[PDB]
$ cat upload07.txt   # compact mmCIF, C-alpha atoms and all ligand atoms
# COMPACT_ATOMS: atom_id res chain seq x y z
CA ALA A 1 8.38 -57.11 11.55
CA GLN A 2 6.34 -54.14 12.77
CA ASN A 3 7.90 -50.61 12.75
CA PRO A 4 11.17 -51.64 11.10
CA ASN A 5 12.45 -48.03 10.78
CA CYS A 6 12.03 -47.67 14.64
CA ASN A 7 9.90 -44.51 14.43
CA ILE A 8 8.31 -43.04 17.53
CA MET A 9 4.65 -44.09 17.55
CA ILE A 10 1.74 -42.08 18.98
CA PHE A 11 -1.28 -43.84 20.46
CA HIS A 12 -4.83 -42.63 21.12
CA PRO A 13 -6.53 -45.30 23.36
CA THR A 14 -10.26 -45.12 23.90
CA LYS A 15 -11.59 -44.98 27.45
CA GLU A 16 -12.26 -48.72 27.24
CA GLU A 17 -8.73 -49.46 26.09
CA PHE A 18 -7.39 -47.28 28.97
CA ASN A 19 -8.62 -49.68 31.63
CA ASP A 20 -6.05 -52.37 31.48
CA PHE A 21 -2.52 -50.91 31.58
CA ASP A 22 -0.54 -54.15 31.02
CA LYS A 23 -2.74 -55.14 28.11
CA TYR A 24 -2.25 -51.74 26.38
CA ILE A 25 1.55 -51.90 26.74
CA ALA A 26 1.51 -55.33 25.19
CA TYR A 27 -0.74 -53.95 22.37
CA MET A 28 1.70 -51.12 21.66
CA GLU A 29 4.51 -53.65 21.45
CA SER A 30 2.43 -55.82 19.03
CA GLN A 31 2.51 -52.77 16.74
CA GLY A 32 6.30 -52.36 17.06
CA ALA A 33 6.33 -49.36 19.37
CA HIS A 34 9.27 -50.59 21.42
CA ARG A 35 11.57 -50.60 18.46
CA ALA A 36 11.80 -46.77 18.73
CA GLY A 37 12.72 -46.86 22.46
CA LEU A 38 9.94 -44.30 23.20
CA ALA A 39 6.17 -43.95 22.56
CA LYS A 40 3.63 -41.21 23.20
CA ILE A 41 0.17 -42.00 24.67
CA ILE A 42 -2.55 -39.36 24.43
CA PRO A 43 -5.23 -40.20 27.10
CA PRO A 44 -8.93 -40.38 26.06
CA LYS A 45 -10.72 -37.08 26.27
CA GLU A 46 -12.84 -38.31 29.20
CA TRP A 47 -9.79 -38.89 31.44
CA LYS A 48 -8.12 -36.59 33.90
CA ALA A 49 -5.22 -37.07 36.34
CA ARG A 50 -6.79 -34.87 39.00
CA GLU A 51 -9.38 -32.03 39.18
CA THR A 52 -7.04 -29.03 39.33
CA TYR A 53 -3.39 -28.02 39.93
CA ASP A 54 -4.41 -24.93 41.95
CA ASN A 55 -3.18 -26.20 45.29
CA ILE A 56 0.42 -27.55 44.62
CA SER A 57 2.48 -24.51 45.66
CA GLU A 58 3.33 -25.72 49.10
CA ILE A 59 5.06 -28.96 47.95
CA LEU A 60 8.76 -28.70 49.05
CA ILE A 61 11.72 -29.14 46.80
CA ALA A 62 14.20 -30.04 49.57
CA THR A 63 17.27 -30.10 47.37
CA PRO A 64 16.96 -28.11 44.12
CA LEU A 65 19.80 -28.93 41.74
CA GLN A 66 21.69 -26.27 39.65
CA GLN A 67 22.86 -27.98 36.47
CA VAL A 68 26.33 -26.60 35.63
CA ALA A 69 27.76 -27.59 32.21
CA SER A 70 31.36 -28.13 30.99
CA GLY A 71 32.51 -28.79 27.43
CA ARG A 72 31.30 -27.53 24.06
CA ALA A 73 27.78 -26.69 22.94
CA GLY A 74 27.07 -30.04 21.37
CA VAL A 75 29.19 -32.27 23.64
CA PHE A 76 29.11 -31.49 27.35
CA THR A 77 28.72 -32.90 30.82
CA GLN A 78 26.67 -31.44 33.67
CA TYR A 79 27.11 -31.64 37.42
CA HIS A 80 24.48 -30.97 39.97
CA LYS A 81 25.12 -28.30 42.59
CA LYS A 82 22.80 -28.54 45.57
CA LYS A 83 20.80 -25.36 46.48
CA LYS A 84 18.76 -24.36 49.46
CA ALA A 85 15.20 -25.76 49.79
CA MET A 86 12.30 -23.97 48.25
CA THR A 87 8.59 -24.52 47.74
CA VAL A 88 6.99 -25.21 44.34
CA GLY A 89 5.49 -21.67 44.48
CA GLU A 90 8.94 -20.20 45.11
CA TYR A 91 10.48 -22.34 42.30
CA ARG A 92 7.73 -21.34 39.81
CA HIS A 93 8.47 -17.65 40.48
CA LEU A 94 12.17 -18.31 39.95
CA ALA A 95 11.52 -20.17 36.69
CA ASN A 96 9.45 -17.16 35.45
CA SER A 97 12.15 -14.59 36.41
CA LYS A 98 14.04 -12.68 33.77
CA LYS A 99 17.23 -14.69 34.52
CA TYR A 100 15.56 -18.09 33.94
CA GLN A 101 12.47 -17.68 31.76
CA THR A 102 11.99 -19.12 28.28
CA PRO A 103 13.14 -16.62 25.60
CA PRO A 104 10.98 -15.38 22.82
CA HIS A 105 10.73 -17.91 20.07
CA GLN A 106 8.76 -18.82 16.92
CA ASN A 107 7.96 -22.49 17.41
CA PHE A 108 9.37 -25.67 19.04
CA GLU A 109 12.10 -25.96 16.35
CA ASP A 110 13.39 -22.43 16.96
CA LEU A 111 13.45 -23.14 20.72
CA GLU A 112 15.35 -26.39 20.11
CA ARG A 113 17.96 -24.45 18.07
CA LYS A 114 18.33 -21.95 20.90
CA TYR A 115 18.67 -24.76 23.50
CA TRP A 116 21.55 -26.42 21.65
CA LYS A 117 23.29 -23.15 20.84
CA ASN A 118 23.08 -21.66 24.31
CA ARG A 119 22.49 -24.29 27.00
CA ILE A 120 26.06 -24.50 28.22
CA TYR A 121 26.17 -20.77 29.03
CA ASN A 122 23.48 -21.00 31.66
CA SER A 123 22.90 -23.06 34.82
CA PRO A 124 19.16 -23.81 35.24
CA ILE A 125 17.78 -25.18 38.52
CA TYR A 126 15.82 -28.54 38.43
CA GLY A 127 13.59 -30.02 41.21
CA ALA A 128 14.19 -33.63 40.51
CA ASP A 129 13.55 -36.94 41.91
CA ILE A 130 11.01 -35.91 44.63
CA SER A 131 9.14 -38.95 46.02
CA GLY A 132 5.41 -38.40 45.69
CA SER A 133 2.35 -38.28 43.34
CA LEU A 134 -0.08 -35.78 41.88
CA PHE A 135 -2.64 -38.37 40.68
CA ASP A 136 -5.96 -38.22 42.56
CA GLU A 137 -6.57 -41.43 44.48
CA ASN A 138 -9.83 -41.76 42.65
CA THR A 139 -8.20 -41.81 39.21
CA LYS A 140 -8.33 -45.50 38.34
CA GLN A 141 -6.76 -45.56 34.88
CA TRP A 142 -3.03 -44.96 34.32
CA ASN A 143 -2.48 -43.75 37.85
CA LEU A 144 1.34 -43.95 38.23
CA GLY A 145 1.02 -44.47 42.00
CA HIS A 146 -1.19 -47.62 41.50
CA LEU A 147 0.77 -49.68 39.04
CA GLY A 148 1.79 -53.34 39.52
CA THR A 149 5.19 -53.38 41.21
CA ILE A 150 8.44 -54.59 39.67
CA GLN A 151 8.95 -56.86 42.67
CA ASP A 152 5.61 -58.52 42.03
CA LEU A 153 6.44 -58.90 38.30
CA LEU A 154 9.75 -60.61 39.13
CA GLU A 155 7.92 -62.86 41.52
CA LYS A 156 5.21 -63.75 39.00
CA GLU A 157 7.79 -64.51 36.26
CA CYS A 158 10.55 -66.15 38.20
CA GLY A 159 8.92 -67.38 41.45
CA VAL A 160 11.26 -65.59 43.83
CA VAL A 161 9.84 -63.22 46.46
CA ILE A 162 12.05 -60.18 47.07
CA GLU A 163 12.19 -57.08 49.32
CA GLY A 164 11.78 -53.59 47.86
CA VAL A 165 9.26 -51.01 46.85
CA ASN A 166 8.50 -49.03 43.66
CA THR A 167 7.03 -45.46 44.06
CA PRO A 168 6.74 -42.47 41.72
CA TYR A 169 8.83 -39.33 41.53
CA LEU A 170 7.98 -35.70 40.75
CA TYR A 171 10.12 -33.40 38.59
CA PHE A 172 9.71 -29.62 38.59
CA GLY A 173 11.52 -28.09 35.55
CA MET A 174 12.38 -24.78 34.00
CA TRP A 175 13.78 -23.58 30.69
CA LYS A 176 17.00 -25.48 29.78
CA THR A 177 16.71 -28.06 32.59
CA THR A 178 18.28 -31.15 31.10
CA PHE A 179 18.10 -34.94 31.35
CA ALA A 180 21.35 -36.57 30.25
CA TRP A 181 21.68 -39.63 27.98
CA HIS A 182 20.69 -42.79 29.90
CA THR A 183 18.72 -45.97 30.02
CA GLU A 184 16.72 -46.82 33.16
CA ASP A 185 18.12 -48.66 36.15
CA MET A 186 18.39 -52.37 35.20
CA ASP A 187 17.17 -51.34 31.68
CA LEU A 188 13.58 -51.11 33.04
CA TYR A 189 10.70 -49.34 31.30
CA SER A 190 9.72 -45.88 32.43
CA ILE A 191 6.45 -43.98 32.17
CA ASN A 192 6.32 -40.19 32.44
CA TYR A 193 3.20 -38.00 32.68
CA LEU A 194 3.52 -34.25 32.08
CA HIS A 195 1.02 -32.86 34.62
CA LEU A 196 1.26 -29.18 33.78
CA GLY A 197 3.17 -26.37 32.21
CA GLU A 198 5.52 -26.11 29.31
CA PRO A 199 6.69 -28.95 27.06
CA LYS A 200 9.53 -31.47 27.34
CA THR A 201 11.57 -32.40 24.19
CA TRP A 202 12.90 -35.97 24.04
CA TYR A 203 15.61 -37.65 22.01
CA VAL A 204 15.85 -41.47 21.82
CA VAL A 205 18.07 -44.20 20.29
CA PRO A 206 16.35 -47.47 19.23
CA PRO A 207 17.27 -50.32 21.64
CA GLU A 208 18.73 -52.35 18.85
CA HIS A 209 21.27 -49.53 18.26
CA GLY A 210 22.12 -48.63 21.81
CA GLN A 211 25.67 -49.96 21.59
CA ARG A 212 26.34 -47.40 18.74
CA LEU A 213 25.54 -44.64 21.12
CA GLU A 214 27.77 -46.18 23.83
CA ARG A 215 30.73 -46.43 21.42
CA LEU A 216 30.33 -42.76 20.43
CA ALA A 217 30.09 -41.74 24.05
CA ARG A 218 33.38 -43.58 24.88
CA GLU A 219 35.04 -41.60 22.02
CA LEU A 220 33.58 -38.24 23.10
CA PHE A 221 34.14 -38.64 26.83
CA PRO A 222 37.40 -40.55 26.91
CA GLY A 223 38.44 -39.82 30.57
CA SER A 224 34.97 -40.81 31.82
CA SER A 225 35.13 -44.01 29.80
CA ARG A 226 38.46 -45.02 31.40
CA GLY A 227 36.98 -44.36 34.83
CA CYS A 228 33.95 -46.62 34.35
CA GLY A 229 32.83 -49.23 31.83
CA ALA A 230 29.20 -48.00 32.18
CA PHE A 231 29.62 -44.31 32.73
CA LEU A 232 26.36 -43.30 31.07
CA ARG A 233 24.78 -44.74 34.26
CA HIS A 234 26.14 -41.57 35.91
CA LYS A 235 23.57 -39.56 33.98
CA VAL A 236 25.83 -36.60 33.18
CA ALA A 237 26.64 -36.69 29.44
CA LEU A 238 24.96 -34.73 26.68
CA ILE A 239 25.38 -35.11 22.91
CA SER A 240 23.41 -32.92 20.50
CA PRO A 241 21.32 -34.09 17.55
CA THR A 242 23.75 -32.42 15.19
CA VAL A 243 26.66 -34.44 16.64
CA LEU A 244 24.65 -37.65 16.55
CA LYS A 245 23.82 -37.02 12.82
CA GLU A 246 27.50 -36.30 12.05
CA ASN A 247 28.47 -39.63 13.59
CA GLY A 248 25.68 -41.66 11.96
CA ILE A 249 23.87 -42.60 15.19
CA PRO A 250 20.26 -43.56 14.61
CA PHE A 251 17.81 -41.51 16.75
CA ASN A 252 14.42 -39.80 16.84
CA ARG A 253 12.95 -36.79 18.55
CA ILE A 254 9.52 -35.77 19.82
CA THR A 255 8.01 -33.07 22.04
CA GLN A 256 5.66 -34.03 24.93
CA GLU A 257 3.00 -31.56 26.01
CA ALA A 258 0.98 -31.25 29.18
CA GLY A 259 -1.58 -34.00 29.51
CA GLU A 260 0.46 -36.59 27.58
CA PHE A 261 2.25 -39.78 28.65
CA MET A 262 5.59 -41.03 27.35
CA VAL A 263 6.80 -44.62 27.77
CA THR A 264 10.47 -45.52 27.47
CA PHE A 265 11.23 -49.16 26.62
CA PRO A 266 14.03 -51.43 27.93
CA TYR A 267 17.47 -50.29 26.78
CA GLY A 268 16.05 -47.20 24.98
CA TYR A 269 18.65 -44.45 25.54
CA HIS A 270 16.99 -41.08 26.00
CA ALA A 271 17.86 -37.43 26.77
CA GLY A 272 16.00 -34.15 26.64
CA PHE A 273 15.14 -30.74 27.97
CA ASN A 274 12.29 -28.67 29.40
CA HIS A 275 10.87 -25.61 27.56
CA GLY A 276 9.85 -23.66 30.68
CA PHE A 277 8.19 -24.17 34.07
CA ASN A 278 6.59 -27.65 34.24
CA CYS A 279 5.84 -30.61 36.47
CA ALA A 280 6.19 -34.27 35.46
CA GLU A 281 5.66 -37.55 37.34
CA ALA A 282 7.53 -40.74 36.39
CA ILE A 283 8.07 -44.30 37.62
CA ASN A 284 9.84 -47.43 36.46
CA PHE A 285 7.90 -50.60 35.60
CA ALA A 286 8.46 -54.06 34.21
CA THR A 287 6.70 -56.58 31.96
CA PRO A 288 7.59 -60.15 31.12
CA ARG A 289 9.62 -58.96 28.15
CA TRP A 290 11.88 -56.91 30.45
CA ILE A 291 13.34 -59.92 32.27
CA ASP A 292 15.87 -60.72 29.55
CA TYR A 293 17.00 -57.07 29.45
CA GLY A 294 17.42 -57.00 33.20
CA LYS A 295 19.66 -60.04 33.08
CA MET A 296 21.94 -58.34 30.50
CA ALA A 297 21.93 -54.75 31.83
CA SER A 298 25.27 -53.08 32.36
CA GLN A 299 26.21 -51.91 35.61
CA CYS A 300 28.31 -49.07 37.14
CA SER A 301 30.53 -50.46 39.94
CA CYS A 302 32.93 -47.37 40.22
CA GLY A 303 30.82 -45.82 42.90
CA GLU A 304 29.41 -42.90 41.00
CA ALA A 305 25.94 -44.16 40.00
CA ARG A 306 24.58 -44.85 43.57
CA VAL A 307 20.93 -46.01 43.37
CA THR A 308 17.85 -47.06 45.32
CA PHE A 309 17.50 -49.81 47.85
CA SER A 310 15.32 -51.87 45.53
CA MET A 311 17.95 -52.38 42.81
CA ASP A 312 19.86 -54.67 45.20
CA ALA A 313 17.49 -57.55 44.77
CA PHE A 314 17.28 -57.12 41.01
CA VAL A 315 21.10 -57.48 40.73
CA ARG A 316 21.23 -60.25 43.28
CA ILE A 317 18.65 -62.45 41.55
CA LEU A 318 19.15 -61.56 37.85
CA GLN A 319 22.94 -60.99 37.88
CA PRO A 320 24.45 -63.09 40.70
CA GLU A 321 27.95 -63.13 39.12
CA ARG A 322 28.03 -59.28 39.10
CA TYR A 323 26.48 -58.87 42.53
CA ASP A 324 29.61 -58.77 44.73
CA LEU A 325 31.38 -56.15 42.58
CA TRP A 326 28.26 -54.00 42.11
CA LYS A 327 27.53 -54.02 45.88
CA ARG A 328 31.14 -52.88 46.61
CA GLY A 329 30.28 -49.91 44.31
CA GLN A 330 27.22 -49.22 46.47
CA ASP A 331 29.37 -49.30 49.72
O1 LIG B 401 11.69 -35.88 32.91
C1 LIG B 401 12.95 -36.06 33.19
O2 LIG B 401 13.78 -35.19 33.68
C2 LIG B 401 13.66 -37.37 33.04
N1 LIG B 401 12.69 -38.47 32.88
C3 LIG B 401 13.04 -39.64 32.44
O3 LIG B 401 14.24 -39.96 32.09
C4 LIG B 401 12.02 -40.72 32.33
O4 LIG B 401 10.80 -40.50 32.55
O5 LIG B 401 12.50 -41.86 32.08
MG MG B 402 0.72 -27.52 48.11
NI NI B 403 14.62 -41.96 32.01
ZN ZN B 404 30.58 -45.67 37.24
$ encode --input "upload07.txt" --output "structure tokens"
Amino acid sequence: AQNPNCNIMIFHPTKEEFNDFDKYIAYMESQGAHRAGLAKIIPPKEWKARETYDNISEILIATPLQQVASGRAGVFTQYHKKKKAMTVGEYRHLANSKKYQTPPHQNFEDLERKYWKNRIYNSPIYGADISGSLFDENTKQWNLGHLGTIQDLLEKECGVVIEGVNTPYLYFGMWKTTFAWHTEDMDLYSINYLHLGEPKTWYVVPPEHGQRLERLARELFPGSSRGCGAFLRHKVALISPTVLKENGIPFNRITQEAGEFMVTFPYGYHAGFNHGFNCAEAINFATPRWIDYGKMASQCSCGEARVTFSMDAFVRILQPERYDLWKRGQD
């Protein structure tokens, strides 16, 4: 069995190996990469996502989100307070202000210490989930707006044609902006490219140990757990590495820098934070190996998780027994 300790693997494809996206994912899996829940892909030196980032300031962040925390430093939830619209140039100036900028630090480890000590005492503003793409249309390799669609994968594997679309999303971050513990919708893969700016630190639980994280989360968030049998689908709960280590939960960590891709694998729980002003692009995708995870994915039916149009068909076809209850949660 490849990668039996479930370590995060880092890949360096050549320009020839970067042509065929599906084939390279399957290669990484042949080496055991999925056992970690997360992999890093460093693009060949010849590749670029686009020519420059000099002309992105007029993109609109229609609904910036202020991430307000409650709890203790290592165990907290966050809620998202909507703010007035602002452009990317306006948000970058805000991120760089004295109130929001990254503090002085020695290295990534010192910054990580400061994040976990101090996050809860601040409310950073995140531009998340903005439909769109920064890949040049002429970039042919690993262009997250040109991937094979999940609907087409389900149709190729299972024979059933379904409605729905699959497009990418932009994320504009600042120091302390936070992504809560989650797996993807329908336990899909994700791919995330850090276009520019400061790093993103990730934490991940191997898929084979995901239920250990869920059982800890029910203990640490007991009211939330009574409210919903899949409350991590709400994407609001944070647990620090120190608390995970105290409770014996297997995990790994890695920092993504600008120019790098990360892939999350089906049922790989992940969480993390941004080091300073940055922009990432991410999308969900599927492979044949996903289908069995989609059929077994938990679902939130309490009403909180509210998701895209396209998840309807995935529930309806892969989980027909759950469909009626889940759709009630959507309405
Ligand atoms: O970058 C972020 O805020 C969150 N991204 C992801 O969870 C992802 O790419 O799967
Ligand atoms: Mg612009
Ligand atoms: Ni994710
Ligand atoms: Zn719920």
$ atom_distance --input "upload07.txt" --atom1 "atom CA of residue A:51" --atom2 "atom CA of residue A:97"
27.8 Å
$ closest_residue --input "upload07.txt" --among "A:298, A:70, A:57, A:256" --to "ligand MG 402 (chain B)" --atoms "only C-alpha atoms and all ligand atoms"
A:57
$ atom_distance --input "upload07.txt" --atom1 "atom CA of residue A:1" --atom2 "atom CA of residue A:294"
23.5 Å
$ residues_near_ligand --input "upload07.txt" --ligand "ligand NI 403 (chain B)" --cutoff "10 Å" --atoms "only C-alpha atoms and all ligand atoms" --output "PyMOL selection string"
chain A and resi 179-185+187-192+235+263-265+268-272+282-284
$ residues_around --input "upload07.txt" --residues "residue A:319" --least-positions-apart "5" --cutoff "12 Å" --atoms "all atoms listed in the file" --output "ChimeraX atom specification"
/A:186,291-299,311-314,324-327
$ residues_around --input "upload07.txt" --residues "residue A:113" --least-positions-apart "5" --cutoff "12 Å" --atoms "all atoms listed in the file" --output "VMD selection string"
chain A and resid 73 to 74 103 105 to 108 118 to 119 176 201 240 to 242 275
$ closest_residue --input "upload07.txt" --among "A:217, A:279, A:228, A:38" --to "residue A:197" --atoms "all atoms listed in the file"
A:279
$ closest_residue --input "upload07.txt" --among "A:162, A:196, A:258, A:75" --to "residue A:244" --atoms "only C-alpha atoms"
A:75
$ residues_around --input "upload07.txt" --residues "residue A:149" --least-positions-apart "5" --cutoff "10 Å" --atoms "all atoms listed in the file" --output "ChimeraX atom specification"
/A:154-155,164-167,284-287
$ residues_around --input "upload07.txt" --residues "stretch 131-134 of chain A" --least-positions-apart "3" --cutoff "7 Å" --atoms "all atoms listed in the file" --output "PyMOL selection string"
chain A and resi 145+168-170+281
$ decode --input "upload07.txt" --residues "stretch 187-214 of chain A" --atoms "N, CA and C atoms" --output "compact mmCIF listing (two decimals), in the first residue's frame"
# COMPACT_ATOMS: atom_id res chain seq x y z
N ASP A 187 -18.71 15.21 -0.88
CA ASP A 187 -17.34 14.66 -0.71
C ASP A 187 -16.58 14.62 -2.05
N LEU A 188 -16.75 15.64 -2.89
CA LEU A 188 -16.02 15.86 -4.12
C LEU A 188 -14.55 16.16 -3.86
N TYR A 189 -13.76 16.10 -4.95
CA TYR A 189 -12.39 16.69 -4.89
C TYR A 189 -12.55 18.19 -4.93
N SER A 190 -11.48 18.91 -4.53
CA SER A 190 -11.31 20.30 -4.92
C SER A 190 -9.92 20.54 -5.44
N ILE A 191 -9.75 21.56 -6.24
CA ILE A 191 -8.43 22.05 -6.66
C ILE A 191 -8.40 23.52 -6.43
N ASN A 192 -7.31 24.03 -5.89
CA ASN A 192 -7.14 25.42 -5.48
C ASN A 192 -5.81 25.94 -5.98
N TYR A 193 -5.83 27.00 -6.75
CA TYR A 193 -4.59 27.66 -7.24
C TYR A 193 -4.45 29.00 -6.55
N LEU A 194 -3.28 29.23 -5.92
CA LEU A 194 -2.98 30.51 -5.29
C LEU A 194 -2.37 31.44 -6.33
N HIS A 195 -3.14 32.34 -6.88
CA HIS A 195 -2.72 33.23 -7.99
C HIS A 195 -1.67 34.21 -7.53
N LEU A 196 -1.83 34.81 -6.38
CA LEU A 196 -0.92 35.89 -6.01
C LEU A 196 -0.99 36.07 -4.54
N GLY A 197 0.00 36.80 -4.04
CA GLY A 197 0.06 37.31 -2.69
C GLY A 197 0.64 36.39 -1.66
N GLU A 198 0.19 36.53 -0.42
CA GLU A 198 0.76 35.83 0.68
C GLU A 198 0.28 34.41 0.85
N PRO A 199 0.95 33.57 1.61
CA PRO A 199 0.58 32.15 1.64
C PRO A 199 -0.78 31.82 2.32
N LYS A 200 -1.10 30.53 2.18
CA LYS A 200 -2.27 29.92 2.80
C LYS A 200 -1.76 28.68 3.53
N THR A 201 -1.99 28.54 4.85
CA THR A 201 -1.65 27.32 5.59
C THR A 201 -2.87 26.40 5.65
N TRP A 202 -2.67 25.14 5.39
CA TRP A 202 -3.69 24.11 5.39
C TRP A 202 -3.46 23.10 6.45
N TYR A 203 -4.53 22.56 7.04
CA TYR A 203 -4.53 21.40 7.88
C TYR A 203 -5.46 20.34 7.27
N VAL A 204 -5.16 19.05 7.39
CA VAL A 204 -5.96 18.03 6.74
C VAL A 204 -5.98 16.74 7.54
N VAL A 205 -7.11 16.05 7.60
CA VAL A 205 -7.25 14.74 8.22
C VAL A 205 -7.36 13.69 7.13
N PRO A 206 -6.53 12.60 7.19
CA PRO A 206 -6.66 11.54 6.15
C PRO A 206 -8.11 11.08 6.01
N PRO A 207 -8.63 10.82 4.79
CA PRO A 207 -9.97 10.30 4.64
C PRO A 207 -10.32 9.09 5.46
N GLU A 208 -9.38 8.19 5.63
CA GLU A 208 -9.66 7.00 6.40
C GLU A 208 -9.88 7.27 7.86
N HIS A 209 -9.53 8.44 8.35
CA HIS A 209 -9.74 8.88 9.74
C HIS A 209 -10.71 10.01 9.95
N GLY A 210 -11.51 10.33 8.91
CA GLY A 210 -12.42 11.42 9.02
C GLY A 210 -13.43 11.30 10.10
N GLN A 211 -13.91 10.08 10.38
CA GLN A 211 -14.92 9.89 11.43
C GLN A 211 -14.34 10.18 12.81
N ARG A 212 -13.04 10.12 12.99
CA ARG A 212 -12.38 10.53 14.30
C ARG A 212 -12.53 12.00 14.47
N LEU A 213 -12.33 12.80 13.43
CA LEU A 213 -12.54 14.18 13.54
C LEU A 213 -14.02 14.52 13.84
N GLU A 214 -14.93 13.87 13.17
CA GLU A 214 -16.37 14.09 13.41
C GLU A 214 -16.73 13.80 14.88
